Amino acid sequence: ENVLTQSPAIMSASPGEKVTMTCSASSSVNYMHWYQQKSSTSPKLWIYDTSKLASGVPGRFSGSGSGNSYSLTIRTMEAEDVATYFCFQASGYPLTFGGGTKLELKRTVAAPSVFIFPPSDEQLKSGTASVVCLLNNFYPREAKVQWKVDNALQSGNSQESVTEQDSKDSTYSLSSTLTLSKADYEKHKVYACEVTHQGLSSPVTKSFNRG
Amino acid sequence: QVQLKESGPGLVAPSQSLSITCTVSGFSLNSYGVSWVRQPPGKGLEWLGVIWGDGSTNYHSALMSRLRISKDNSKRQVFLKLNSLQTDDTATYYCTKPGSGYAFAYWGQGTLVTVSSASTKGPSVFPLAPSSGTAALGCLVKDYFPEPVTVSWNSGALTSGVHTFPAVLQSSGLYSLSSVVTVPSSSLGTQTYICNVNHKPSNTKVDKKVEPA
Ligand SMILES: CC(=O)N[C@H]1[C@H](O[C@H]2[C@@H](O)[C@@H](CO)O[C@H](O[C@@H]3[C@H](O)[C@@H](O)[C@H](O[C@H]4[C@H](O)[C@@H](O)[C@H](O)O[C@@H]4CO)O[C@@H]3CO)[C@@H]2O)O[C@H](CO)[C@H](O)[C@@H]1O[C@@H]1O[C@H](CO)[C@H](O)[C@H](O[C@]2(C(=O)O)C[C@H](O)[C@@H](NC(C)=O)[C@H]([C@H](O)[C@H](O)CO)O2)[C@H]1O
């Protein structure tokens with residue numbers, strides 16, 4: 001089949017920087033099309049017939065190519081352009097999509113704001129304690145979040161989740177959730193999360209004492 | 001105005017069949033083709049097949065003839081039927097209308113289909129209370145299956161500063177997520193904050209008021 005391969009798989013661009021990404025086809029096509037997908041919601045038609053912009057697509061986008069070789073270009077990267085872009089051919093069957101180029105915005109360092117949340121009484125009632133540490137609105141994505149219970153480092157009892165880049169401020173947020181039984185929760189008094197990030201001169205600790 | 005919308009089951013067992021209906025408006029099925037696309041979790045887009053205005057069909061061969069597409073013009077409906085499901089058929093399924101360049105100009109919202117023999121479970125919702133000026137508060141949505149859940153705040157009136165985290169798969173085989181929002185601490189005495197949680201597979205609808213403890 002006519003397999004489409006996109007390069008690079010993941011790229012980042014500074015605000016206002018020119019962006020180019022490519023699509024290679026295993027067999028020549030007369031036209032290449034492109035979609036933009038944000039946060040895994042429905043893709044949007046972005047470019048059709050190689051170089052024609054879909055309605056509402058800003059003029060800083062363009063497409064070009066011929067044969068097996070196509071590209072999509074953004075004259076100047078904007079925060080609203082953060083998305084995954086997919087090429088697609090409909091010149092022969094089966095119709096095929098490339099694997100996508102994920103385009104990220106390289107913005108300035110921003111330190112997280114850190115919050116800790118004890119379990120609700122309602123949840124304890126049912127037998128489980130979830131303790132949640134939030135890192136709000138930071139950049140870059142790399143952060144280290146460590147749990148300490150009565151000043152002992154925890155391991156294997158927490159899971160993290162991270163948002164996509166925010167549409168306007170281009171930052172991430174992260175949650176880390178520590179999960180214990182009600183019984184184990186009541187064997188300790190001090191619950192703390194320690195956050196290390198390049199935006200912070202030294203690690204930031206948020207804690208609470210049961211009571 | 002062209003519109004498409006999928007309706008399908010969220011959860012289907014291995015070896016059973018998947019049936020999805022695409023209901024359309026703003027164009028005649030007699031005159032225009034409708035394609036189907038899927039996206040497995042964390043992966044790219046895959047074209048599945050098309051039914052043309054004339055009723056002719058074309059399918060991706062990788063489906064091993066397990067897929068059939070049909071339609072009824074007067075009902076404004078296109079039907080996907082996929083037999084003998086296996087785990088790797090888990091995906092968000094979309095219907096779409098070819099337009100400019102024969103590319104997919106209009107898309108349905110998509111419907112997430114999970115292939116599993118596990119039982120449907122609705123979530124429990126717990127508050128993430130603002131601590132005792134920007135305050136953070138939220139909801140913890142725990143122990144649900146399959147995906148997805150949706151969360152809104154104050155029935156959609158509160159959007160600024162909201163972060164709803166991607167779900168995590170727990171070691172139990174159930175999902176959990178949190179949704180948080182940052183608000184002015186000075187609003188806490190006058191503004192009620194309610195998270196609205198929906199899990200369509202279990203018909204669960206929870207509105208949880210979140211207040212200082
Ligand atoms: C005609 C044809 O061969 N169609 C194929 C289609 O071929 C395309 C495709 O491969 C594209 C690349 O994606 O490359 C060529 O097209 C070029 C450009 O992409 C395209 O934008 C350009 O369009 C011209 C247009 O032709 C002029 O009329 C117009 O003034 O200007 C535009 C813009 O310049 O044309 C370029 C080439 O010159 C290829 O030609 O490929 C798809 C697969 O992706 C199918 O194979 C298409 O063939 C369909 O076959 C089925 C049978 O299997 C049907 O016969 C179908 O016909 C209907 C239908 O039944 O659905 C007949 C309907 O009357 C018609 N409706 C209307 C309102 O006309 C519909 C409708 O066109 C389609 O459903 C799409 O919405 O098609 C064939 O289309």
Side-chain angles (χ1 to χ4, degrees), chain A residues 1-29 31-48 50-51 54 57 60-91 94-107 139-143 160-167 170-172 174, chain B residues 37-48 60 62 88 90-92 94 103-104 107 110 166-168:
Chain A
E1 66 184 34
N2 198 351
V3 175
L4 305 187
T5 298
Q6 292 182 252
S7 193
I10 302 175
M11 65 187 291
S12 72
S14 295
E17 193 181 0
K18 185 175 178 176
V19 170
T20 311
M21 60 187 75
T22 62
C23 180
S24 306
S26 64
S27 285
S28 182
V29 298
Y31 299 94
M32 192 64 74
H33 325 281
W34 298 81
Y35 305 88
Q36 184 198 69
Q37 183 177 43
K38 287 184 178 173
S39 67
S40 313
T41 63
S42 307
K44 300 177 190 67
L45 184 59
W46 214 247
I47 303 181
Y48 70 91
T50 302
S51 64
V57 173
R60 59 177 178 283
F61 286 89
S62 64
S64 63
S66 67
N68 304 66
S69 311
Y70 294 85
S71 58
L72 175 157
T73 302
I74 316 180
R75 188 174 58 227
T76 57
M77 174 72 191
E78 294 190 16
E80 66 181 23
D81 302 331
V82 176
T84 299
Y85 297 82
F86 293 96
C87 58
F88 169 77
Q89 71 80 31
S91 292
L95 317 182
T96 53
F97 291 89
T101 289
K102 182 174 173 174
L103 178 63
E104 305 172 319
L105 186 74
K106 190 168 200 301
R107 62 148 288 154
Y139 189 92
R141 197 174 177 274
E142 288 71 32
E160 292 178 356
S161 187
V162 189
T163 57
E164 293 298 313
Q165 286 189 282
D166 185 87
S167 46
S170 312
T171 59
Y172 300 97
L174 178 151
Chain B
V37 174
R38 71 179 181 190
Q39 186 167 32
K43 299 231 288 280
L45 303 172
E46 306 181 323
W47 176 76
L48 299 171
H60 205 147
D88 69 1
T90 294
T92 297
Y94 296 97
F104 303 153
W107 294 65
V168 302

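Throughout, protein chains are lettered first and strands after them, A, B, ... in sequence-line order, and every chain is numbered starting at 1. For the numbers below, each heavy atom of this structure counts, side chains included, while hydrogens, waters and symmetry mates do not.
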Could you tell me which non-hydrogen atom of [X] sits nearest to which non-hydrogen atom of [Y], and how far apart they are?
X	Y	answer
A/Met11	A/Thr20	CE-O, 3.8 Å
A/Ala25	A/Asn2	CB-OD1, 3.5 Å
A/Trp34	A/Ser71	CZ2-C, 3.6 Å
A/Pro43	B/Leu45	CG-CD1, 3.8 Å
A/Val57	A/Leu45	CG2-O, 4.3 Å
A/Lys38	A/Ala83	CG-CB, 3.8 Å

[X]: partners by side-chain hydrogen bond (donor to acceptor under 3.5 Å, both in side chains), with sequence neighbours left out:
X	answer
A/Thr171	A/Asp169
A/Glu164	none
A/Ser12	none
A/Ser27	none

Nearest 0.5 Å, what's the [atom1]-[atom2] distance between [X] and [Y]?
X	Y	atom1	atom2	answer
A/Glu78	A/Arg75	CD	CZ	9.0 Å
A/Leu105	A/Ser14	CG	OG	7.5 Å
A/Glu1	B/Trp47	CD	CH2	10.0 Å
A/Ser64	A/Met32	OG	CE	11.0 Å

Task: Other residues, nucleotides, ligands: >12 heavy atoms within 6.0 Å of A/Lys102 NZ - done: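 Not buried by this count: 12 neighbours or fewer within 6.0 Å.
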- [ ] Check the side chains of A/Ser7 and A/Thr22 for a donor-acceptor pair under 3.5 angstrom, ignoring hydrogens and angles.
- [x]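 Short answer, no.
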Among residues at least two apart in sequence or on other chains, which ones pass side chain to side chain contact (heavy atoms under 4.5 Å, CB included) with [X]?
X	result
A/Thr5	A/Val3
A/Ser28	A/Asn68
A/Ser51	none
B/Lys43	B/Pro40

Any side-chain heavy atom of [X] sitting closer than 4.5 Å to one from [Y]?
X	Y	answer
A/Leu4	A/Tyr70	no
B/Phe104	A/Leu95	yes
A/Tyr139	A/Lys106	yes
B/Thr92	A/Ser40	no

Donor-acceptor pairs are to be reported for all side-chain atoms of residues 84-91 of chain A against protein atoms at under 3.5 Å, with residues two or more places apart or in another chain.
unit_1: A/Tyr85; atom_1: OH; unit_2: A/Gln36; atom_2: NE2; d: 3.0
unit_1: A/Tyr85; atom_1: OH; unit_2: A/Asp81; atom_2: O; d: 2.7
unit_1: A/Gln89; atom_1: OE1; unit_2: A/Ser91; atom_2: N; d: 2.8
unit_1: A/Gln89; atom_1: OE1; unit_2: A/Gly92; atom_2: N; d: 3.2
unit_1: A/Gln89; atom_1: NE2; unit_2: A/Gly92; atom_2: O; d: 3.1
unit_1: A/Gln89; atom_1: NE2; unit_2: A/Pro94; atom_2: O; d: 3.1
unit_1: A/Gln89; atom_1: NE2; unit_2: A/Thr96; atom_2: OG1; d: 3.0

Task: Contacts of type salt bridge (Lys or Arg N to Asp or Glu O under 4.0 Å), residue A/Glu80, not counting sequence neighbours - done: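 Expected list: A/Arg60.
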Open item on the list: Restricting to salt bridge (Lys or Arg N to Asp or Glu O under 4.0 Å), what partner residues turn up for B/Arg38, sequence neighbours left out?
Closed with: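 For B/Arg38, the residues satisfying salt bridge (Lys or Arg N to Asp or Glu O under 4.0 Å) (neighbours in sequence not counted) are B/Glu46, B/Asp89.
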Open item on the list: With side chain to side chain contact (heavy atoms under 4.5 Å, CB included) as the criterion, how do A/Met77 and A/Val82 come out once you've worked through the C-alpha distance, each side chain's angles and the decisive distance to 0.1 Å?
Closed with: CA-CA 8 Å; A/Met77 174 72 191; A/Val82 176; 3.7 Å; yes
Open item on the list: For a side chain to side chain contact (heavy atoms under 4.5 Å, CB included) check, start with the C-alpha distance between A/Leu72 and A/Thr101, then their side-chain angles and the critical distance, and finish with the verdict.
Closed with: CA-CA 10 Å; A/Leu72 175 157; A/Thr101 289; over 6 Å; no
- [ ] Would you sort out whether A/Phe97 and B/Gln39 count as a side chain to side chain contact (heavy atoms under 4.5 Å, CB included), showing the intermediate values?
- [x] CA-CA 11 Å; A/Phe97 291 89; B/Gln39 186 167 32; over 6 Å; no
Task: ring pair (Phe, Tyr, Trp, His ring centres under 6.0 Å) against A/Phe61, all qualifying residues, sequence neighbours excluded - done: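 In terms of ring pair (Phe, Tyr, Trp, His ring centres under 6.0 Å), with neighbours along the sequence ignored, A/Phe61 is linked to A/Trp46.
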